[PDB]
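Data first, discussion second: the structure below is written as structure tokens.
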Amino acid sequence: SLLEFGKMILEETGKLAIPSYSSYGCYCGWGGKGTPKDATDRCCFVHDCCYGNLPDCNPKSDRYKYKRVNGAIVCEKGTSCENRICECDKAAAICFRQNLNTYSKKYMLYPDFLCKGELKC
Ligand SMILES: CC(=O)Nc1ccc(O)cc1
């Protein structure tokens, strides 16, 4: 669910999901198109593609369980959807951590006309 993705992100990066990652670039937050602006935005793009592989799952509202084995994120067993949603979110959180160095404030609240492009998952 969206509440635990928020908490996973905070734990990984030290930044609050809202607003750091809810209006970033073209795909972080609320995103539908264009070319991802930078690495962090590519993380959001991949995250969206990952959810897109689960048409009969409800990522925003379905809750999963996970634990931290010394920093490593371990998804605990639940329903097939919960397991797969959890793996999508874990990947995104790690992707965010990996690209914190290039995170840029100029992409926050990024305008929708500047999202130009095409890209396939
Ligand atoms: C803050 C937060 O949970 N953001 C978020 C979650 C899922 C998604 O596909 C894009 C963004």
Side-chain angles (χ1 to χ4, degrees), residues 1-104 106-121:
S1 80
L2 214 31
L3 257 288
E4 2 169 18
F5 186 28
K7 163 170 148 123
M8 190 177 285
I9 291 169
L10 174 58
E11 306 183 323
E12 278 289 318
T13 68
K15 304 160 99 58
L16 288 160
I18 311 281
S20 274
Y21 293 102
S22 50
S23 64
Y24 190 104
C26 294
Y27 291 91
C28 299
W30 196 133
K33 64 183 183 179
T35 301
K37 294 305 167 177
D38 67 350
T40 288
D41 202 14
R42 287 192 287 280
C43 301
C44 291
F45 178 76
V46 173
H47 191 249
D48 289 1
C49 293
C50 194
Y51 278 1
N53 293 321
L54 317 163
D56 288 355
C57 306
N58 293 270
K60 310 285 190 214
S61 67
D62 194 347
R63 323 230 298 214
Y64 57 73
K65 299 282 187 174
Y66 78 89
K67 48 164 172 190
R68 313 215 54 140
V69 183
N70 273 12
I73 298 160
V74 179
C75 291
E76 285 155 318
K77 193 207 174 33
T79 61
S80 168
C81 278
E82 292 170 353
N83 295 342
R84 294 176 291 174
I85 294 164
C86 183
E87 292 292 346
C88 291
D89 289 354
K90 167 179 191 193
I94 285 164
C95 189
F96 289 153
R97 174 79 254 260
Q98 197 155 222
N99 297 286
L100 259 188
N101 57 143
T102 55
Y103 180 96
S104 173
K106 92 181 174 185
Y107 293 121
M108 293 173 79
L109 302 177
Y110 195 76
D112 169 288
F113 69 112
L114 294 175
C115 292
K116 291 181 182 65
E118 125 211 333
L119 183 57
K120 219 150 66 167
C121 274

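Just the heavy atoms: all of them, side chains too, but no hydrogens, waters or symmetry mates, feed the values below. One is the number of the first residue; the rest follow in order along the sequence. Whatever order the structure lists them in is the order used to number ligands and atoms, beginning at 1.
Salt bridge annotation for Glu82-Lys77: absent, with no cationic side-chain nitrogen under 4.0 angstrom from a carboxylate oxygen.
The contact set between ligand 1 and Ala17, taken as ligand atoms under 4.0 Å from a residue heavy atom, comprises 1 (C).
In this structure, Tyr21 and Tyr103 have perpendicular ring planes: the angle between them is above 60°, well past the 30° mark.
With hydrogens left out, the protein atom closest to atom 5 (C) of ligand 1 is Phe5 CE2, 3.6 Å, a heavy atom. Distance from atom 11 (C) of ligand 1 to its nearest protein heavy atom, with residue and atom name: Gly29 N, 3.9 Å. Protein heavy atom closest to atom 3 (O) of ligand 1, with residue, atom name and distance, is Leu2 CD1, 3.0 Å.
At under 3.5 Å, a nitrogen or oxygen of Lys60, whether backbone or side chain, sits near a nitrogen or oxygen of ligand 1. At least one N/O-N/O distance between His47 and ligand 1 falls below 3.5 Å.
Residues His47 and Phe5 place their aromatic rings such that the two centres sit under 6.0 Å apart.
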Evaluate the side-chain contact (heavy atoms from CB on, under 4.5 Å) criterion for residues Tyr110 and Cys115: first the C-alpha distance (whole Å), next the side-chain angles of each, then the deciding distance (0.1 Å), finally the verdict. CA-CA 9 Å; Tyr110 195 76; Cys115 292; 4.1 Å; yes
Could you check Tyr66 against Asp89 for side-chain hydrogen bond (donor to acceptor under 3.5 Å, both in side chains), going step by step and ending with a plain yes or no? CA-CA 11 Å; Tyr66 78 89; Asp89 289 354; over 6 Å; no
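For the residue pair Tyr24/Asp38, the side-chain donor-acceptor check at 3.5 Å is satisfied.
If you look at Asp48 next to ligand 1, the close heavy atoms, those under 4.0 Å, all belong to the side chain.
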